[PDB]
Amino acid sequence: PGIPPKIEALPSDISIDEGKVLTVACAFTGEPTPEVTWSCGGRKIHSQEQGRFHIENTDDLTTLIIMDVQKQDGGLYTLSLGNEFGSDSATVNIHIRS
């Protein structure tokens, strides 16, 4: 059965100390497997963006890793999913201390 994507649960707010590593991961479902997009500031995040951002997608999980976090990394990140049957989105506000 064709089913639109669903983001399972995502924290509303997360924090990290400047200079450290942040990992936020998130499960999802959808048939067919959805296309995953992470963005901040309305711009898609690409793997090895700034030499520090990494994205690991599987068929039911996405993991965003930010290495050596900088102050300017802070902001409202959106995870979006799409497939032929619909879309979903959820936000997480990433705070850099401090």
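Basically, rigid core = biggest C-alpha set you can superpose within 1.5 Å across the two forms. The first residue of the sequence shown is number 1, and the count goes up from there.
> Report the stretch with the higher root mean square CA deviation, pooled over structures and residues in 6 other deposited structures of this protein, choosing between 29 to 37 and 43 to 51 after a rigid core fit.
Relative to the shown form, the greater RMS C-alpha distance in 6 other deposited structures of this protein belongs to 43 to 51.
> Which wins on mean Cα temperature factor, 10 to 18 or 77 to 85?
Per the PDB record, 10 to 18.
> On mean C-alpha B-factor from the PDB entry, just flag whether 43 to 51 or 68 to 76 is the higher one.
Between 43 to 51 and 68 to 76, it is 68 to 76.
> Classify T58 as lowest, middle or highest third according to the C-alpha B-factor given in the PDB entry, relative to its own chain.
CA B-factor rank for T58: highest third.
> Tell me, lowest, middle or highest third: where does the Cα B factor of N93 rank within its chain?
As the PDB entry reports it, the C-alpha B-factor of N93 lands in the middle third of its chain.
> Pull the Cα B-factor of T29 out of the PDB entry and bin it into the chain's lowest, middle or highest third.
Middle third.
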